[PDB]
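Next comes just one chain, in structure tokens: the form deposited in one PDB entry.
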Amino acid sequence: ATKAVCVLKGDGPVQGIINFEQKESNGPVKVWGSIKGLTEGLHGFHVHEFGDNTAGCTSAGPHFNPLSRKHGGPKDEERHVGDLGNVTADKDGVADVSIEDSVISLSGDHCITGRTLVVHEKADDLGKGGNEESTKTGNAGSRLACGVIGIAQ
């Protein structure tokens, strides 16, 4: 696939549509779209391992981390595959997403189609938060909204 999509929905007002494009299978994935319903500021934006919503966003499980690295920001060398850092919501609760990432893929071993994209409660501390949690999850909080990533047209 060269296109994927995620419709992000949760228990609250957080909702959004996230588009993925990877026109070259060994090039970067472009991530763009919008999320509304958020508190102002920074929110962690991760790929978790399972496209399982059988019990809400918790059942997506951990970060997508198949190389078993430690948690970082997307620009770190030491990062999970799913560590896509933060989106930023304006004063109106709207987050315009514009990410380019060379670690996630739409195919192969780092393929994220069939897994889950999560927007979290607070900001991802990009591994620099100063406690044990920071280097495992980024302290980003609860899961506000999520959606299994699907093959798009």
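Heads up: residue numbers just count along the shown sequence, starting at 1.
The form deposited with a partner chain bound exists for this protein as well; it is not shown, and the discussion that follows is about that form.
Although the partner is absent here, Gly72 is not a contact residue: none of its heavy atoms lies within 4.5 angstroms of the partner chain in the bound PDB entry.
Proximity of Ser68 to the partner chain in the bound PDB entry falls outside the 4.5 Å heavy atom cutoff. Residue contact with the partner chain in the bound PDB entry: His63 places no heavy atom within 4.5 Å of it.
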